[PDB]
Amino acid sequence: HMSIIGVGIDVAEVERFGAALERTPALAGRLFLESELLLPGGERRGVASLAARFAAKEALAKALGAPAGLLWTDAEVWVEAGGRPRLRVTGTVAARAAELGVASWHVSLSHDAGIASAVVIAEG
């Protein structure tokens, strides 16, 4: 009845992360899919919210043992109608997930007190 394959936690300082995006124009497009960079309404997603998604991808990597060769764009945080964040993995991340037998992904995000936090659990 055992099913947890890995867990990850990650914490990002929002202000630092925002500074990093502003300094290198190409960075946001390297870390995020077009869909993640937008709010449901169509406006550009804000720094704290992006920092939480960055934290989610770091946490996901940790859950998988963070091997080399994983692409940021092969993990996607998407959002249920109800508002709940979800992980979708493709390509390199999905391949690594399959090596370990991961069937289900669980994520939660928080951004408060200028830190963005994420927890991720991989189950299979």
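In this text, residue numbers run from 1 along the sequence as written.
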Could you check the entry and say whether 75-83 or 56-64 has the higher mean CA B-factor? 75-83
Report the stretch with the higher mean CA temperature factor, choosing between 21-29 and 101-109 on the basis of the entry. 21-29
Third of the chain's Cα B-factor distribution that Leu50 belongs to, per the entry: middle
Third of the chain, ranked by Cα B-factor, where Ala94 sits: lowest
